[PDB]
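Only one chain is given next, in structure tokens, and it is the form deposited in one PDB entry.
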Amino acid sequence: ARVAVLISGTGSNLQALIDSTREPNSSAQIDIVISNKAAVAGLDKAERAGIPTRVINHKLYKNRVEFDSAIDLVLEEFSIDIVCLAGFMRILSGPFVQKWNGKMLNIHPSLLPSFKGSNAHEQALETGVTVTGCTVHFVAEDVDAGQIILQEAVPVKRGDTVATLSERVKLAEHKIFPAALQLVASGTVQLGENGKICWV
């Protein structure tokens, strides 16, 4: 399965995916890294790994559909089979999500359905949970509401901040994201016809 990874920043999840897809038994290969923001560290990680990169400045487009259309063009150019959102911080339009239904994965730093949105750690700390975690899910049009592939719980420690909590959760992200991608790339897991997750 040919994979695109979309990023918006540091790219630690990208790095974990790169590392896992170079294992001999990987069923996925990363053929392109796309960022909506220039000069982010994730682009350096891609380039160090010899992976092509494209920057698509969402700010330069009329609307979400035209921006996504530019992404879709690159995905078609590289004959992509699966899209991983790895720290990608832009909401995708409906028809783009529809097109890639069952082929696009996202990592989210909470145990969905808790704490949807862009500041999950902040919500988790404000709420006072002692257990949080991360989730890989299929992207459906409804944000952070697609079919869940894998999750891993992570403890919250007293005195945790976004900094320290996000560090602990990322160690879990870097395990379940590569594992989830392998499950989808190998055909072990798919979206079923009833739209829910099917273990083949």
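A residue's number is simply how far along the shown sequence it sits, counting from 1. Definition used throughout: the rigid core is the maximal C-alpha set that superposes within 1.5 Å between two forms.
Averaged over their C-alpha atoms, the temperature factors of 61-69 and 154-162 are higher for 61-69.
Between 129-137 and 42-50, the higher mean Cα B-factor belongs to 42-50. The top Cα temperature factor in the record, among 95, 109, 113, 87, falls on 95.
Annotation for residue 3: CA B-factor lies in the middle third of the chain's modelled residues. Compared with the other modelled residues of the chain, the Cα B-factor recorded for residue 9 ranks in the middle third. When the modelled residues of the chain are ordered by their C-alpha B factor, residue 187 lands in the middle third. The PDB entry assigns residue 124 a C-alpha temperature factor belonging to the lowest third of its chain's modelled residues.
In the deposited entry, the Cα temperature factor of residue 30 sits in the middle third of values across the chain's modelled residues.
Separately, the form deposited in another entry exists; it is not shown, and the next lines address it.
Of the residues listed here (34, 156, 46, 28), only one shifts its CA by 2 angstroms or more between this form and the one not shown after fitting on the rigid core, and it is 156.
After superposition on the rigid core, displacement of the C-alpha of residue 126 between this form and the one not shown amounts to 2 Å or more.
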